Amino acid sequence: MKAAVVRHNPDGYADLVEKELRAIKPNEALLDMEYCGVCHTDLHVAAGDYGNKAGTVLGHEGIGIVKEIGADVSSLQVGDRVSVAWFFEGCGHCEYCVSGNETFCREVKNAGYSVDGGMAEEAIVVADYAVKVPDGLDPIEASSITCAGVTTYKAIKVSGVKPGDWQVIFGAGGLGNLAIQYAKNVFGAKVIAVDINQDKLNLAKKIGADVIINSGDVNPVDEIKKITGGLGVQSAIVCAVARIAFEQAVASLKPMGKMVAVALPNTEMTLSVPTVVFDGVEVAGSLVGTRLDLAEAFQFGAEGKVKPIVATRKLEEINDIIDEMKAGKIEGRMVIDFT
């Protein structure tokens, strides 16, 4: 079948190849893939930032139809719509997996990175680890919630935001557009959206953002303070790949505020220690979400509380999409369509 894979010399791009899948194991399932979104993490994978993965099928925003199941499978049946996510399989038994924190499993398998992901006509999944897409959720939309959605939904839970609090999102990209949507429609936060791209801000404003701020036109930190009463926001979710966004996020928090890093720029950030010490502010990383996080995240999509902004593309287009993402030209997600 046709698959997008990491190059023999990783350079940031995909090779399109014919691949034959091995036979399924007894707790596994075989999918006819329907859709796979392109996430910034695929690009980091393809670029070799996390080591050489030449030949690995990319993609961890996959939606597919179950074509075949192993003998031991009781959780899925043929014809089930399931997902292929960054969190592909955990060991099930470690302190992380057992305490509700399965993404941090040290023996984790990650789709499109340490195991063939979903950007191919067909994929193998471990059955009990492939979350069903609920009935009333459009498959193209489900593709975005599979990474972009569960990621930001979980990071907003990690931020400690309660309804009525001010929350700032740095980045209105595929990730940050959804973060906005969850923040406003699910968690009841008041939302500020910060980006360099006016067209993305404009869209932000239509899907939830209470206030938009272009950070090439003003100092976001100053403006954020003005908006909030002079203190700053309760939380900041960083969905921007720029160093400065992380640092502007920290300085924009009111005392006891929480910064949650979601974006993976290959970058260090400066940490204002006097800010954590005197103003009691917290900094934390959040990593996709558990199987339960994703189910909850799908369910809000199915209910229409979030509506991922999506456009379909052809597999042969993966490299055009990669350059488009690098150029910041993308609203929402581009989704590879295998139908």
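All residue numbers refer to positions in the sequence shown, first residue = 1.
Check your understanding: So which stretch wins on mean C-alpha B-factor, 248-256 or 72-80?
Key -> In the deposited entry, the stretch with the higher C-alpha B-factor mean is 72-80.
Point to revise | 208-216 set against 174-182, stretch whose average Cα temperature factor tops the other in the entry | key: Stretch with the higher mean C-alpha B-factor: 208-216.
**Study point:** Top Cα B factor in the deposited entry, candidates 54, 58, 288, 36
**Key:** Reading the PDB entry, the winner on C-alpha B-factor is 54.
Point to revise | Residue, from 158, 131, 242, 238, that the PDB entry assigns the highest Cα B-factor | key: Largest recorded C-alpha B-factor: 242.
Exercise for review: Just say lowest, middle or highest third for the CA B-factor of residue 136 relative to the other modelled residues in its chain.
Suggested key: Its C-alpha B-factor, which the entry lists for residue 136, ranks in the highest third among residues of this chain.
Practice item. Going by the recorded CA B-factors, say which third of the chain residue 321 sits in, lowest, middle or highest. Key: Lowest third.
Practice item. Place residue 313 in the lowest, middle or highest third of its chain's C-alpha B-factors, as listed in the PDB entry. Key: Lowest third - that is where residue 313 ends up once the chain's C-alpha B-factors are sorted.
Exercise for review: Classify residue 114 as lowest, middle or highest third according to the C-alpha B-factor given in the PDB entry, relative to its own chain.
Suggested key: Its C-alpha B-factor belongs to the middle third of this chain's values.
Check your understanding: Hey, what third does residue 299 fall into on Cα B-factor, ranked over its chain?
Key -> For residue 299, whose C-alpha B-factor we compare with every modelled residue in the chain, the answer is the lowest third.
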